[PDB]
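Engineer: If you scroll down you'll find the structure; I have some questions about it.
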Amino acid sequence: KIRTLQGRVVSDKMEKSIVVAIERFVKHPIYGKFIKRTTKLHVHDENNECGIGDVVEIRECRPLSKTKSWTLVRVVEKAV
Amino acid sequence: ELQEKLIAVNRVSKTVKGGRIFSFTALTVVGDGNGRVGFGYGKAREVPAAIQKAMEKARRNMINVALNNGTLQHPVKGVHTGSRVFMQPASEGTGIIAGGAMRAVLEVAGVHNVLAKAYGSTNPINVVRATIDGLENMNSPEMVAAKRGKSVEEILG
Amino acid sequence: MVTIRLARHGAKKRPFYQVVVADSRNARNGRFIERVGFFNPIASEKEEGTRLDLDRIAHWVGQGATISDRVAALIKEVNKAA
Amino acid sequence: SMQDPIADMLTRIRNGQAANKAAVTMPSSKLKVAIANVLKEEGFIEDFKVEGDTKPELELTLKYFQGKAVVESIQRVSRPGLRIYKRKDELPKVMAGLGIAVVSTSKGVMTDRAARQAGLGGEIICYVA
Amino acid sequence: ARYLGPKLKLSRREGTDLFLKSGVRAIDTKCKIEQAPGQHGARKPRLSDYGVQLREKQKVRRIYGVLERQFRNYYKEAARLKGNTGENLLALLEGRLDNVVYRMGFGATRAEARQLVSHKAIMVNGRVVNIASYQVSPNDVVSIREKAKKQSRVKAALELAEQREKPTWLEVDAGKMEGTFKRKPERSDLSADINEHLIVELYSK
Amino acid sequence: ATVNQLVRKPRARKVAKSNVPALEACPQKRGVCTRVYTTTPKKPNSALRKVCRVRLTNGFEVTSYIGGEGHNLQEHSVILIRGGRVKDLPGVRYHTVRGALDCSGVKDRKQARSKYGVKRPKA
RNA sequence: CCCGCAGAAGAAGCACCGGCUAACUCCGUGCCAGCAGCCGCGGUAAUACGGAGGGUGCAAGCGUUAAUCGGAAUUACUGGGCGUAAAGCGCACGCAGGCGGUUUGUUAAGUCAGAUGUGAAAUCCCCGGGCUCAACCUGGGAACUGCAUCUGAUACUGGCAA
RNA sequence: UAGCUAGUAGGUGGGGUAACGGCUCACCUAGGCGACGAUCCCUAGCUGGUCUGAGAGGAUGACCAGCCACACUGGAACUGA
Numbered sequence: 003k004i005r006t007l008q009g010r011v012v013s014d015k016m017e018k019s020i021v022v023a024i025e026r027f028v029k030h031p032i033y034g035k036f037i038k039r040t041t042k043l044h045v046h047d048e049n050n051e052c053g054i055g056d057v058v059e060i061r062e063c064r065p066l067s068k069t070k071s072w073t074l075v076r077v078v079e080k081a082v
Numbered sequence: 009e010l011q012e013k014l015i016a017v018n019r020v021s022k023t024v025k026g027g028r029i030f031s032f033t034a035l036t037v038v039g040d041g042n043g044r045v046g047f048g049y050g051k052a053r054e055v056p057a058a059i060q061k062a063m064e065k066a067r068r069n070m071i072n073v074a075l076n077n078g079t080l081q082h083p084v085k086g087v088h089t090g091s092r093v094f095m096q097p098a099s100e101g102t103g104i105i106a107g108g109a110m111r112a113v114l115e116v117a118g119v120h121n122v123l124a125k126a127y128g129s130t131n132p133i134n135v136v137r138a139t140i141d142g143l144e145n146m147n148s149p150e151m152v153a154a155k156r157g158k159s160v161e162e163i164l165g
Numbered sequence: 001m002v003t004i005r006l007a008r009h010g011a012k013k014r015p016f017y018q019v020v021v022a023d024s025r026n027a028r029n030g031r032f033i034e035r036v037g038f039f040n041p042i043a044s045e046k047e048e049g050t051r052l053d054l055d056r057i058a059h060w061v062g063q064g065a066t067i068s069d070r071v072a073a074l075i076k077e078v079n080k081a082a
Numbered sequence: 001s002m003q004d005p006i007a008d009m010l011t012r013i014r015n016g017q018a019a020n021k022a023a024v025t026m027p028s029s030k031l032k033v034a035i036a037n038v039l040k041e042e043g044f045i046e047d048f049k050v051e052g053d054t055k056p057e058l059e060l061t062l063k064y065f066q067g068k069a070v071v072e073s074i075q076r077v078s079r080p081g082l083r084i085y086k087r088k089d090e091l092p093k094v095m096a097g098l099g100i101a102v103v104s105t106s107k108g109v110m111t112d113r114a115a116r117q118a119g120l121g122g123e124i125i126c127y128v129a
Numbered sequence: 001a002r003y004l005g006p007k008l009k010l011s012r013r014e015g016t017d018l019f020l021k022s023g024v025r026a027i028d029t030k031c032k033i034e035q036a037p038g039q040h041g042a043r044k045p046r047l048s049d050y051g052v053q054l055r056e057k058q059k060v061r062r063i064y065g066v067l068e069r070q071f072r073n074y075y076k077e078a079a080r081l082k083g084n085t086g087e088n089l090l091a092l093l094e095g096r097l098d099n100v101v102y103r104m105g106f107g108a109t110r111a112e113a114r115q116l117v118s119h120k121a122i123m124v125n126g127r128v129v130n131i132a133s134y135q136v137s138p139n140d141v142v143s144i145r146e147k148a149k150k151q152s153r154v155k156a157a158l159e160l161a162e163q164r165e166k167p168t169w170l171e172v173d174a175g176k177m178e179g180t181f182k183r184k185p186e187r188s189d190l191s192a193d194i195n196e197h198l199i200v201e202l203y204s205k
Numbered sequence: 001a002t003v004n005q006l007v008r009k010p011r012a013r014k015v016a017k018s019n020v021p022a023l024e025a026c027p028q029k030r031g032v033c034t035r036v037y038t039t040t041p042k043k044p045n046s047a048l049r050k051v052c053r054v055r056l057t058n059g060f061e062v063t064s065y066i067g068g069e070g071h072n073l074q075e076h077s078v079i080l081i082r083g084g085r086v087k088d089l090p091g092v093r094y095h096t097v098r099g100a101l102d103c104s105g106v107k108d109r110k111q112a113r114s115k116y117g118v119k120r121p122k123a
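Protein chains in written order, with the entry's author numbering: chain q, 3 to 82; chain e, 9 to 165; chain p, 1 to 82; chain h, 1 to 129; chain d, 1 to 205; chain l, 1 to 123.
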């Protein structure tokens with residue numbers, strides 16, 4: 003079974019690459035409040051099958067460029 | 009028998025036309041040693057009459073305190089005039105671990121193992137009213153089962 | 001080369017060797033992969049002097065591992081009856 | 001603007017026992033009924049009943065043992081601004097065990113004593129002293 | 001280390017008798033007891049709440065002859081040890097070797113019985129032990145070596161020791177000069193006078 | 001308060017400033033002690049306080065109080081300088097260690113002899 | 001390490017004693033010399049300066065300086081405040097953000113339970129063992145509040161749908 | 001300290017490496033990072049731990065042990081697993 007993460011596309015205009023932000027729901031170490039943090043990754047897609055603002059599921063692969071180590075798995079909740 | 013214990017003697021003034029005229033205030037706490045405790049303030053012109061006037065006020069202002077085997081029932085707080093006082097039951101804490109004017113009121117009540125800490129102002133008059141407000145608000149498991157659960161084996165567990 | 005050797009711990013004039021499985025390049029008290037027992041040479045005639053987990057030691061020599069002269073001596077010293 | 005209905009329910013009990021009222025009224029909900037059922041089974045309140053179909057309203061008849069009230073103190077622990085979840089070995093005991101802590105666990109809403117014996121924890125809702 | 005001074009000035013500062021002398025008589029009434037520990041001895045002080053905690057700790061420390069670094073390590077091991085740390089501090093002070101040999105009667109004072117056990121004379125369980133602060137376990141037998149047996153001092157303290165209350169947590173034969181430490185002394189057997197909770201309160205200050 | 005505010009800006013620990021800035025984590029400092037002189041104290045006190053300016057070995061030039069009764073400090077007296085202010089002189093934060101390098105001990109001391117650098121009266 | 005010989009023989013200081021803070025009198029000096037961590041002492045009868053006697057503390061150490069934390073709830077998550085003590089923006093509107101009434105379905109993210117891998121050893125803690133005891137050394141366990149995966153739980157929170 | 005970045009960000013292709021990769025080169029795309037603090041400046045080896053504290057924390061990283069970096073200063077490759 004493959005470790006994989008969800009996340010929404012922030013930008014797509016970079017020629018067979020898209021960037022994806024992952025929101026994790028972490029607790030504060032001191033104060034105990036739950037704070038939304040962000041994990042903007044540069045993920046790889048083949049033929050640009052993703053616009054802006056849609057959920058993309060990704061998994062980790064070999065390094066493909068400088069800060070590109072994730073490829074696409076599928077697309078759910080395609081942008082309207 | 010009633011464990012008279014003077015805490016502090018102060019010197020207060022009145023400022024009259026001639027000069028300043030002084031008098032003395034005391035603060036003594038009494039108590040049998042099994043859960044009764046009372047403080048009386050008292051003030052007079054000389055020192056031993058100010059302490060003796062505190063003894064008569066302290067005997068007619070005793071309250072009832074519930075203790076389990078010489079220690080408290082539960083962690084309890086007490087607030088009086090900027091004096092926040094915390095006290096723990098301290099299950100064999102082995103000693104009255106309390107500050108000035110908080111230790112003396114706990115010696116005459118008969119309670120022997122407390123971890124106590126006083127926040128805010130540690131004025132000796134106000135911290136004795138803070139502990140006494142903390143001790144009579146403390147309730148025993150017999151009093152809690154009398155109003156909730158209706159069984160002491162079911163209230164505690 | 002993994003080696004099963006003695007790392008000298010304990011105080012001055014009171015040595016205590018830990019029978020340990022370490023790479024040969026590392027230091028004596030340095031890194032190791034596993035410890036597999038101890039050896040107390042000054043534990044004289046009282047109740048207990050040495051203990052080695054011989055199943056884990058036989059596992060490492062199956063993977064290929066040289067053993068020191070003392071470790072080979074304590075494995076001999078836990079005899080067939082003693 | 002009405003962001004914690006649970007703390008508003010405990011505030012009505014706290015102000016009802018202070019004003020020596022016979023009963024208190026609040027708009028009912030599923031969580032308000034379930035924690036009031038915990039308050040009735042322990043002995044802090046008696047005889048809760050919901051009245052209404054489309055706008056339900058929950059009644060709580062408050063208890064007074066002596067002239068003093070029964071609910072000595074009641075706090076709201078897991079605020080909406082700060083939610084607090086505790087483990088099995090991390091459930092607190094109020095007043096060294098003679099108070100209750102209402103915990104919402106995965107098997108329903110119960111006390112701290114009933115959730116320690118179940119062997120599971122959750123969001124601690126309130127401390128009823 | 002040790003005091004090496006006048007051992008009745010310490011008993012006068014505390015007021016009570018600390019049994020620092022052998023007592024062939026009773027109160028020596030050669031020392032002016034309960035009247036003056038010094039030049040300003042008739043001037044008795046207010047003796048504040050810190051001072052009453054200090055006097056009780058210095059009273060117990062002067063009975064056994066320990067120092068403060070050694071006494072604070074006794075409190076520190078009594079606090080971590082399970083149970084009541086008030087009587088745990090007294091079980092460790094009565095577990096000392098120089099104290100046990102006093103209570104068996106082989107020494108007339110604590111300082112005399114310390115000089116026997118320090119001078120290689122007293123053995124525990126058939127093995128020669130040299131120090132004063134050896135913690136004896138239950139059912140350990142402490143003997144006297146034959147080179148310092150028949151010492152014009154050890155049996156002379158034994159006919160003095162029938163009046164020393166017969167400590168019944170250790171049995172003494174005193175004819176063969178052996179004795180075993182049966183069990184640890186409880187709080188109900190130690191002099192009914194010392195307030196050990198003042199010592200636990202002083203180190204929490 | 002208001003715990004969402006503390007996430008955006010945590011509670012700043014107040015920094016405690018040292019009172020002896022001349023000797024950093026240094027227990028004592030050594031100087032060259034130019035211009036030994038005397039000054040008068042602040043108000044309710046009245047004396048001629050024996051004090052000295054001193055240029056330390058780190059480059060700092062501070063003013064240091066010469067404790068005790070009588071001294072031997074002459075303008076190029078290499079001395080040792082420890083902390084401790086006076087509360088009576090404006091600007092003096094340090095004490096000269098008596099009996100350390102050149103500032104010899106006080107004549108005829110019998111009590112508190114480790115302070116002021118006085119040996120035991122043997123004979 | 002053990003044994004033998006001789007002889008109480010080779011071996012006690014340092015700070016402090018006005019309040020805090022345990023422990024006080026006398027003489028000298030007279031806002032001088034000086035002390036002082038803070039309050040403050042010293043102006044001719046100083047328990048505060050210097051000396052003497054006495055006492056208290058700790059002990060082969062003892063005090064001083066330096067530094068850190070504690071006391072300090074005096075940056076307060078535990079655990080503080082804002083009418084007048086320091087402190088409500090002059091008053092609005094509003095984006096990101098934070099939070100959100102009520103019912104049902106669904107999801108299992110947060111949450112919780114279990115399991116697995118790991119979280120090196122030493123250290124800390126617990127029960128023991130070895131050094132005459134102790135410091136020290138050491139066996140075993142606990143702990144390493146974690147992270148990751150897997151399997152469930154579905155009350156609350158979140159997503160989604162009505 | 002509010003904008004920073006042109007091999008910069010991405011693609012394709014050749015070359016290099018023990019190995020992925022702007023690691024390198026040529027050509028195209030115009031991106032990439034940033035108020036969740038980029039960039040710049042000051043300081044600093046990191047950790048297991050140590051000290052303190054009731055705890056939460058605060059301070060710290062000497063010894064022992066793990067990792068990194070350095071070897072007169074700066075630069076470089078050779079030999080070799």
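Don't be surprised by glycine CBs; every beta carbon is placed ideally from N, CA and C.
Grab the span of the alpha helix (DSSP H) containing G122 of chain h for me, first residue to last.
Structural biologist: No alpha helix (DSSP H) contains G122 of chain h, which is instead part of the beta strand (DSSP E) from 122-128.
Engineer: What does the alpha-carbon distance come out to for the pair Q75 of chain h and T54 of chain h?
Structural biologist: 30 Å
Engineer: Distance check for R156 of chain e and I163 of chain e, CA to CA, integer angstroms please.
Structural biologist: 7 Å
Engineer: How many whole angstroms separate the CB atoms of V136 of chain d and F181 of chain d, which I take to be in contact at a CB cut-off of 8 Å?
Structural biologist: 5 Å between Cβ atoms; contact.
Engineer: Where does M1 of chain p land, buried or exposed, given buried means 16+ other C-beta within 10 angstroms?
Structural biologist: It is exposed - the Cβ of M1 of chain p has fewer than 16 other Cβ atoms within 10 Å.
Engineer: Report the neighbours of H30 of chain q on chain l: residues whose CB is nearer than 8 Å to its CB, in chain order.
Structural biologist: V7
Engineer: In chain l, which residues lie with their C-beta within 7 Å of the C-beta of residue 91 of chain q?
Structural biologist: Since the displayed chain q opens at 3 and closes at 82, residue 91 of chain q lies outside it and no answer follows.
Engineer: By Cβ distance, which residues of its chain are closer than 7 Å to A23 of chain q, with the 5 residues on each side in sequence left out?
Structural biologist: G9, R10, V12, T40, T41, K42
Engineer: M95 of chain h: buried (16+ other C-beta within 10 angstroms of its C-beta) or exposed?
Structural biologist: That one is buried.
Engineer: Mapping DSSP to helix, strand and coil, what is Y64 of chain d?
Structural biologist: Reduced to three states, the DSSP call for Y64 of chain d is helix.
Engineer: Tell me which same chain residues have a C-beta within less than 6 Å of the C-beta of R5 of chain q, skipping the five on either side of it?
Structural biologist: none
Engineer: Just by C-beta distance, which residues in the stretch 143-161 of chain e are closer than 7 Å to chain h?
Structural biologist: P149, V152, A154, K155, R156, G157, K158
Engineer: Would you check if the distance between the CB atom of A132 of chain d and the CB atom of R164 of chain d is smaller than 8 Å?
Structural biologist: no
Engineer: Apart from the five residues just before and just after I37 of chain q, which ones in its own chain have a Cβ nearer than 7 Å to its Cβ?
Structural biologist: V28, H30
Engineer: State the start and end residues of the unbroken alpha helix (DSSP H) segment that holds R14 of chain h.
Structural biologist: 5-18
Engineer: What did DSSP end up calling residue 85 of chain p once you bin it into helix, strand or coil?
Structural biologist: Outside the shown range of chain p (1 to 82) lies residue 85 of chain p, about which nothing can therefore be said.
Engineer: Can you tell me which residues form a DSSP beta bridge with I4 of chain q?
Structural biologist: Beta-bridge pairing links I4 of chain q to no other residue.
Engineer: Quick one: measure Cβ to Cβ for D40 of chain e and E9 of chain e, integer angstroms, because I've assumed they're closer than 8 Å.
Structural biologist: 7 Å
Engineer: Residues in its own chain within less than 8 Å of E112 of chain d by CB, not counting five upstream and five downstream?
Structural biologist: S22, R153, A157
Engineer: Between the alpha carbons of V50 of chain h and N49 of chain q, how many angstroms are there, rounded?
Structural biologist: 60 Å
Engineer: If we count the other Cβ atoms within 10 Å of its Cβ and call it buried at 16 or more, is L67 of chain d buried or exposed?
Structural biologist: exposed
Engineer: If you drop the 5 nearest sequence neighbours on each side, which residues of the same chain put their C-beta closer than 8 Å to that of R8 of chain p?
Structural biologist: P15, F16, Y17, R28, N29
Engineer: Beta carbon of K86 of chain h: closer than 7 Å to some heavy atom of the ligand PLP?
Structural biologist: Within the structure as shown, the ligand PLP is missing, as the structure has no ligands at all.
Engineer: So what does DSSP say about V136 of chain e, is it helix, strand or coil?
Structural biologist: helix
Engineer: Taking all protein chains shown into account, do 16 or more other C-beta atoms lie within 10 angstroms of the C-beta of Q66 of chain h, making it buried, or fewer, making it exposed?
Structural biologist: exposed
Engineer: So that I know if they touch, is there some Cβ in chain h lying closer than 8 Å to that of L75 of chain e?
Structural biologist: no
Engineer: Name the one or two DSSP bridge partners that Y94 of chain l has.
Structural biologist: Partner(s): l:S64, l:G83.
Engineer: To the nearest angstrom, how far is it from the Cα of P56 of chain h to the Cα of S28 of chain h?
Structural biologist: 5 Å
Engineer: Out of curiosity, what's the CA-to-CA distance linking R53 of chain e and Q28 of chain l?
Structural biologist: 54 Å
Engineer: Please list, in chain order, the residues of the stretch 41-61 of chain h that have any C-beta partner in chain e closer than 9 Å.
Structural biologist: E42, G43, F44
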